[PDB]
Amino acid sequence: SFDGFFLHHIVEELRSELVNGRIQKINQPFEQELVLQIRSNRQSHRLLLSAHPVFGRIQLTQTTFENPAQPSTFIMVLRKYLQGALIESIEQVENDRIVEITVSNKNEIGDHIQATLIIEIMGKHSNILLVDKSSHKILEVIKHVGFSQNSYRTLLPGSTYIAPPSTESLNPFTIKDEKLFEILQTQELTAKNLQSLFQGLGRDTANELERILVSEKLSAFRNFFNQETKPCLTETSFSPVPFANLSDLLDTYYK
Amino acid sequence: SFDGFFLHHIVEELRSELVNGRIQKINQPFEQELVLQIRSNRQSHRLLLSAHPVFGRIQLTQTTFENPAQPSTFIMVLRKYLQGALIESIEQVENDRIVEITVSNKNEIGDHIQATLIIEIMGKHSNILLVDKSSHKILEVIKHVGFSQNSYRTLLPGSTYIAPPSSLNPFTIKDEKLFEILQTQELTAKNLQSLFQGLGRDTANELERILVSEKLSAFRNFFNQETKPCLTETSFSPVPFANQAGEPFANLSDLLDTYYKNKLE
């Protein structure tokens, strides 16, 4: 449902509505959710980033939120980089459930700076991170993960951001004609297989893709058997449709 | 090439050019070939039926033939029933390589008779047969095949007609069966020939190519199509899914605001 397939459509809408907009307000209505008010092309927009452990998502929204009386440390740091920031890009990492929002801004001595707002919706852990661009260090993160010897990464202010691991499954949106052709000619295209072969397909999406493939084949199947007669010579033979009338065709072929 | 699929097309032409015509002349220019001159819609027509082991076909033609000096026994029996006959129907059997031409005529005392002229295009076993419509006995047959220990049928005058040893007609198969086949079966050229009746190898390569090509095109479209936010029974989709619920939304924000509105209090 909120799979990579869906997020792809979300991100396209997000980019067109928001790129070159200005972050005007930053708030934290719930512990692990972040709401930005953004002015873009003389219209205002409200952007929800939710690290909710069941309902994690990112979306524009019409909901009004009750904001807390005082900003947490997390929001205070974020405002220091995002208040008045220009949105420069909104990108999905491949067809995984990760959105990266790159911004630019000035600091308090007038220098132009860049930061990246990242929302991670993973299997086990969801999170929202602000990361310095030039250094790649986390500036703040909505769920802190303390330092631990030999762990994969530390999610703390000051630590280097390390991206989540990827899988070997392929991005369906960008796969080249040649590799796709090979996958489609040789694999059984069941929903389950499609989830293994391709990145970011939910079970519903995968079920729908399997169905679409079969019903489009059905459509192609009917059209081939219902098309009008169009007599044609092939290389070694002849055909009633392309691969004056069929009798003139056969007269010519047998000479 | 001259498979059931091809024959499906030409038999429609033969029907509309010939039905209710009159057979005016009957000759056997080659041993396994029969040519009928047929008058129909005030025009004359030349129908070729060929039991040749390679070239067997049924066809209208603009070619001319050198008739033999005397009609064979085969031809005189066909003339006895077909000279002046009216062409009542021209029918392919299913999608197989068999055509049946029903005719009616008078006999020499003015009594009405009926017969069926049948061509089977079966390679080495191709044959042309005239069968009496009431008795269902072969009146005559262009390649006699006698009885043996292993013969499936006796192809001789007086024998009762038996169709050739007969998969699925691709023109008429129902949606439900066809979907299952396309969801689960291997759509190679050869498995299509085994699943469906009347598919030559070139036809089946083309069909195989079509389904392959359509699969790729559907895949590309699914991942490169306009956003159309909809709910589903238990969830939501960015384009409509098969188990859609309600009507679409203007954008994904409205869809998700609505989905999540009362999820938590």
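Chains A and B, in that order, give the protein sequences. Quick note: the first sequence uses the numbering used here, first residue 1397, plus one each step. Quick note: the second sequence uses the numbering used here, first residue 945, plus one each step. By construction, the Cβ of each residue, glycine as well, lies at the ideal position given by its N, Cα and C atoms.
(request) Quick one: using the 10 Å Cβ neighbour count with 16 as the cut-off for buried, is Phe1398 (chain A) buried or exposed? (result) Per the 10 Å Cβ criterion, buried.
(request) Check whether the region 1558 to 1575 of chain A touches the region 1473 to 1491 of chain A, counting contact only when three or more Cβ pairs, one atom from each stretch, lie closer than 8 Å. (result) Contact holds between the region 1558 to 1575 of chain A and the region 1473 to 1491 of chain A, because three or more Cβ pairs, one in each stretch, are under 8 Å apart.
(message) According to DSSP, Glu977 (chain B) sits in a beta bridge with which residue or residues?
(response) According to DSSP, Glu977 (chain B) bridges with B:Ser994.
(message) For a contact defined as C-beta to C-beta under 7 Å, what are the partners of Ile1154 (chain B) on chain A?
(response) For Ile1154 (chain B), the neighbours in chain A by C-beta distance under 7 Å run, in chain order, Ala1616 and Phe1620.
(message) Check whether the region 1614 to 1624 of chain A and the region 1584 to 1592 of chain A touch, using three or more Cβ-Cβ pairs below 8 Å as the test.
(response) Short answer: they don't touch.
(message) Cutting at 6 Å between CB atoms, please list the residues of its own chain near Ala1602 (chain A), excluding the five before and the five after it.
(response) The residues are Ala1587, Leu1590 and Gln1591.
(request) Give a yes or no on whether the minimum CB-CB distance between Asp1040 (chain B) and chain A is below 8 Å. (result) Closer than 8 Å: no.
(message) So with CB distances below 9 Å, who are the chain B contacts of residue 1652 (chain A)?
(response) There is simply no residue 1652 (chain A) to check, as chain A begins at 1397 and stops at 1651 in what is shown.
(message) If we require 3 or more residues per run, which beta strand (DSSP E) segments fall completely within the region 1068 to 1109 of chain B?
(response) The region 1068 to 1109 of chain B contains these whole beta strand (DSSP E) runs: 1071 to 1076 and 1082 to 1085.
(request) Specify the secondary structure class of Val1047 (chain B) as computed by DSSP and reduced to three states. (result) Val1047 (chain B) falls in the strand class under three-state DSSP.
(message) Can you tell me whether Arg986 (chain B) is helix, strand or coil according to DSSP?
(response) Correct three-state label for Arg986 (chain B): coil.
(message) Under DSSP, the beta strand (DSSP E) around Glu957 (chain B) begins and ends at which residues?
(response) First-last for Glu957 (chain B): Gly948 to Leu962, but that is the alpha helix (DSSP H), not the beta strand (DSSP E).
(request) Below 7 Å CB to CB, which residues in the same chain sit around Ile1086 (chain B) once its five sequence neighbours on both sides are set aside? (result) If the five residues before and after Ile1086 (chain B) are omitted, its C-beta is found closer than 7 Å to the C-beta atoms of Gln976, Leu978, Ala995, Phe1018, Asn1071 and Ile1072, all from its own chain and listed in chain order.
(request) Go through the region 1573 to 1617 of chain A residue by residue and report every complete run of the alpha helix (DSSP H) that reaches 4 residues or more, in order. (result) Taken in chain order, the complete alpha helix (DSSP H) segments of 4 residues or longer contained in the region 1573 to 1617 of chain A are 1573 to 1582 and 1587 to 1593.
(message) Please report the straight-line C-alpha distance between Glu956 (chain B) and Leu1576 (chain A), rounded to a whole angstrom.
(response) Taking the Cα positions, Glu956 (chain B) is about 41 Å away from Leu1576 (chain A).
(message) Taking the beta strand (DSSP E) that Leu1513 (chain A) belongs to, which residues open and close that run?
(response) First-last of the beta strand (DSSP E) with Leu1513 (chain A): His1508 to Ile1517.
(message) Quick check on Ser945 (chain B): does DSSP put it in helix, strand or coil?
(response) DSSP places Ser945 (chain B) in coil when its eight states are reduced to three.
(request) Measure the C-alpha to C-alpha separation of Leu1026 (chain B) and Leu1126 (chain B) and round it to an integer number of angstroms. (result) When rounded, the distance between both Cα atoms is 46 Å.
(message) So, for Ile1454 (chain A): in the same chain, excluding its five sequence neighbours on each side, which residues have a beta-carbon less than 6 Å away from its beta-carbon?
(response) By the criterion of a C-beta distance shorter than 6 Å, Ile1454 (chain A) is surrounded in its chain by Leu1445, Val1495 and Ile1515, once the five residues flanking it on both sides are discounted.
(request) Let me know the secondary structure DSSP gives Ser1111 (chain B) once reduced to three states. (result) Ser1111 (chain B) falls in the coil class under three-state DSSP.
(request) Put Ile1419 (chain A) into one of helix, strand or coil per three-state DSSP. (result) The DSSP-derived three-state label of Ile1419 (chain A) is strand.
(message) Just to make sure I have the definition right: I need the residues of chain B whose C-beta is within less than 9 Å of the C-beta of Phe1402 (chain A). Which are they?
(response) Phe1180, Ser1181, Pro1182 and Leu1196, listed in chain order.
(message) For chain B, check one thing: does any of its Cβ atoms lie closer than 8 Å to the Cβ of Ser1412 (chain A)?
(response) So, not an interface residue.
(message) Quick check on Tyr1096 (chain B): buried or exposed, where buried means 16 or more other Cβ atoms within 10 Å of its Cβ?
(response) Counting C-beta atoms within 10 angstroms of its own C-beta, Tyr1096 (chain B) has fewer than 16 neighbours from the protein chains shown and is therefore classed as exposed.
(request) Tell me whether the beta-carbon of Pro1173 (chain B) lies closer than 8 Å to the beta-carbon of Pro1182 (chain B). (result) Taking 8 Å as the cut-off, the beta carbon of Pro1173 (chain B) is found closer than this to the beta carbon of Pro1182 (chain B).
(request) Mind listing the chain B neighbours of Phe1639 (chain A)? Cutoff is C-beta to C-beta under 9 Å, in chain order. (result) Going along chain B in sequence order, the residues near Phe1639 (chain A) (Cβ under 9 Å) are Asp1146, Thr1147, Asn1149, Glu1150 and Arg1153.
(message) Check for me: the alpha helix (DSSP H) holding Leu1196 (chain B) runs from which residue to which?
(response) Segment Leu1196 to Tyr1204, the alpha helix (DSSP H) holding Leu1196 (chain B).
(request) Look at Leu991 (chain B) and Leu1004 (chain B) and say whether their C-beta atoms are less than 8 Å apart. (result) A Cβ-Cβ contact shorter than 8 Å links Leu991 (chain B) with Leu1004 (chain B).
(request) Mind checking which residues open and close the beta strand (DSSP E) that includes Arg1453 (chain A)? (result) Where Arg1453 (chain A) is concerned, the enclosing beta strand (DSSP E) stretches over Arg1453 to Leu1456.
(request) For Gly1554 (chain A), count neighbouring C-beta atoms within 10 Å of its own C-beta (all shown protein chains included) and say buried if the count is 16 or more, exposed if not. (result) That one is exposed.
(request) Would you mind working out which of B:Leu1175, B:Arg959 and B:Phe999 sits nearest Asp1198 (chain B), comparing C-alpha positions? (result) From the listed residues B:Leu1175, B:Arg959 and B:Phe999, the smallest Cα separation to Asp1198 (chain B) is found for B:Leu1175.
(message) Cutting at 7 Å between CB atoms, please list the residues of its own chain near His1056 (chain B), excluding the five before and the five after it.
(response) Closer than 7 Å at the Cβ level, and outside the excluded window around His1056 (chain B), lie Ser1048 and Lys1050.
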